[PDB]
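So this one's two forms of a single chain, laid out as structure tokens and tagged structure 1 and structure 2.
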Structure 1
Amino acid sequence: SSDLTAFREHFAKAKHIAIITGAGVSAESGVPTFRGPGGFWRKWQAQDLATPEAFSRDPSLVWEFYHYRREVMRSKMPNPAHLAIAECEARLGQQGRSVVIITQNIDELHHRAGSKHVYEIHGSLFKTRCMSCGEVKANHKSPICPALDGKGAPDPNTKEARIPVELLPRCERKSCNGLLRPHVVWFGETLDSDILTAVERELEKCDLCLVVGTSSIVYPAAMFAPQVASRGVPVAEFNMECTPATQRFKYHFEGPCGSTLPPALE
């Protein structure tokens, strides 16, 4: 149902809220996803490049792609949904109540909004992993390494940089000097289990669940939300996915997250 008053009553009692956030939230901030029919980067779409095969085969190109994506983030900002969440978390923490964010997104926009207890289940554009020793290190450097400066242009006729692998980002522990890769979960890679076991703990604790910028019935929101709802915990969706009447969940608020969510949480 679309009765807000009802949702708010639950919100008022809730002591542990879990907010699952999907692509619609980053979409509203203007982040290109490179899925859709016009979402190309040069000749390719995300599924061509976000794979270990692509990286093994052509690390320069994949790096050019991720560089580009890291750099466009300097002009996309958190929208009102990002903020409403972060300010909620803070407000409730003062009161001893908990709020967590389980996000599919890799743009660090929740972090930029001021959220703190965030689980990035698909990793982040702004972390690296050493192909060699596996160290996971935060990185917001621009450019991530000199070799990539001014690289990553999106128009198809752009010339490959074909950066020698020795000059792509390397792991700075000089005992190792291993080749870095973005700590994102590519197509065909599993999620990290340490994270899943945390998320599980969180979702078992939670007495209210919000699904924002996605639906509970779509992968990977489906891993989490049904689990909670089957224990009789309310679930509120905020999306403008236009989800057909017949399988929206408990409460639905159709519309842009930026519009719907902040009044929900005030």
Structure 2
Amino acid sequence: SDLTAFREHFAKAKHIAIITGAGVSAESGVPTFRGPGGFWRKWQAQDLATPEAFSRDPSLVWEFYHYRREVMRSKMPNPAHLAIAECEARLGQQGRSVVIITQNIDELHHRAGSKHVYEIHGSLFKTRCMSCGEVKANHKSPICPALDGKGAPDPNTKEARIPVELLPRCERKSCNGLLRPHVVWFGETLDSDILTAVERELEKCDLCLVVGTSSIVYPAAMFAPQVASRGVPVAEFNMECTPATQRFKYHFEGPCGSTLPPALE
């Protein structure tokens, strides 16, 4: 698959798109709460990250999202995040675009100094109002008083069972609607405006990077076929094996934080 081959493309590329998956947030120690042993109390993300869960028990879901807003205070961007950001900046000066398209909701790309980012699953640090629909940034710790010191991850921990009026509300006073995380739950659709934009960006691009996920799976699978059908190279950087015989074009196996920074220098 060869690094030099990749670097020759990288040198010439004027419009780079980098799609990032859970792997890159995992290297920063941010828990996914999915699959083997990633449990928050009795539940996993599948159970709590849904409209129904929120409608049924908005306290419990807000405990979950509060715990996750707070764990980010101690988790920092890994070198993949930074290498990307510094690349964007360096290339930008030269009149060369670098956009990030991320499934991750932790803002680690933003924290590493990336600017042109599309958070297709939203962000832990944005709220949406259930009444007026207003989307606003929110980095407050705690997000509201009632949740202070709540969200503890032990299967033991007693539910905070916060009254809905004391959960985060919409600060525009005529409204006072219940806020939810501005995030894409299971059973919800993506923003059409965001996908239209991403489509345009991937159509521009002449090098595409997949980092911390693969082309064959959501979300890369939506868009990689488009770029690939134009002859544009696609480089995967992730931790998955490649079969002995059927070597992938540009696949750099190993953790992003190691593989990516020398690729992008």
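Between two forms, the rigid core is defined as the largest C-alpha subset superposing within 1.5 Å. Only residues modelled in both forms are compared. FYI, numbering is relative to structure 1, first residue = 1.
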Next on the checklist: Given a superposition on the rigid core, I'd like a yes or no on whether residue 251 shifts its C-alpha by 2 Å or more between structure 1 and structure 2.
Outcome noted: no
Query raised in the report: Rigid core fitted, is the C-alpha displacement of residue 12 between structure 1 and structure 2 2 Å or more?
Result: no
Between-form comparison on the rigid core puts the Cα shift of residue 92 between structure 1 and structure 2, in Å, at 0.3
Shift in angstrom of the residue 241 C-alpha between structure 1 and structure 2, rigid core held fixed, comes out at 2.3
Rigid-core overlay between structure 1 and structure 2 puts runs of three or more residues with Cα moved 2 angstroms or more at 241-250
